[PDB]
Amino acid sequence: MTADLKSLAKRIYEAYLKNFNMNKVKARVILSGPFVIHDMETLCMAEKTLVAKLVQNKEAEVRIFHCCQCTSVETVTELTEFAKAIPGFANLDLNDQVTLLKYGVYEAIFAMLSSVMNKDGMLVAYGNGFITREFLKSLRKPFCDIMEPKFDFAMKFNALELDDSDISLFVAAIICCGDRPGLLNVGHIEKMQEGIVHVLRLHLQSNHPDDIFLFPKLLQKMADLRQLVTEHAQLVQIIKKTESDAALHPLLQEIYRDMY
Ligand SMILES: CC(C)(Sc1ccc(CCN(CCCCC2CCCCC2)C(=O)NC2CCCCC2)cc1)C(=O)O
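The entry's author numbering puts the sequence shown at residues 199 to 231, 238 to 259, 264 to 468.
Next up, the structure:
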């Protein structure tokens, strides 16, 4: 790993630490011991302290869904800044930057969600709440079907024991996929992708000498995320169609529009 490549890995890591409010070290410090949301009584208590304005109120499941949409809008914003640290990203055509982020953001979201999940629940609301996995399963259909596949992905992803230095590069690689539909400058993106993937490979070799297959394991996780997002988008479409009170924020509507 040349000084240039080591420096690119550090640039990407620092961009991740600066641009995401939650990092995995911070999340683990908190999860080691937030207000616990495990039932309807504690949901409504948390709403009154953490999202006071939101609480004529909607059904609980629809309130939770609205709050989730707010966090997605914010994460999409954070991922947009972050992507500028990727060599060549800001030099790409504005329209290609849109296409890459369009397909990439939810893969990045579900990868990063793993850092705040354990087998019993997830840290939420900027580190101030913890919602149990069983509570989310108790919601009425279809809302109970949103988070469980994400916990299942996260348990196996977390068993890889990645740190923030690895995850920042993996999120950059997700954004760089040169096989998204609609790309204008596939060739330049493939070269941008190759550069990030090359740094990811070398960094995993340095940082995880104990796991000689970690790079292909992460390529497979990328593919698993793409399929997780496809399925997620299908469920979101069901909710939007069948749930009168579950309208999508316009930014998220645009992200899902014509996605899959
Ligand atoms: C919104 C759809 C339509 S479905 C969808 C998508 C994503 C999620 C996970 C949202 N979430 C829980 C946010 C929970 C808020 C909490 C609810 C109870 C009262 C207190 C506030 C959360 O913490 N996300 C992290 C954010 C940091 C970066 C990693 C992701 C849930 C549903 C979408 O597709 O966007």
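All C-beta atoms in this analysis are idealised placements derived from N, C-alpha and C, irrespective of residue type, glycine included.
Taking 6 Å as the cut-off, the C-beta of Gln442 does not count as close to any heavy atom of ligand 1.
According to the DSSP assignment, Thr340 belongs to the beta strand (DSSP E) that extends over 337-340. By the C-beta density criterion, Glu315 is buried, having at least 16 other C-beta atoms within 10 angstroms.
Not a single heavy atom of ligand 1 lies less than 6 Å from the C-beta of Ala291. Taken through DSSP and simplified to helix, strand or coil, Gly395 comes out as helix. Annotation for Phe359: the continuous alpha helix (DSSP H) segment containing it runs 356-367. The bridge partners DSSP lists for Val332 are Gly337. For a cut-off of 8 Å, the C-beta gap from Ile397 to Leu300 is around 7 Å, short enough to register as a contact. For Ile241, the uninterrupted beta strand (DSSP E) segment begins and ends at 239-241.
Exclusion of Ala380 from the 6 Å shell around ligand 1 follows from its C-beta lying no nearer than that to any non-hydrogen atom of the ligand. Distance between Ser346 and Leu422, taken at the CA atoms: about 35 Å.
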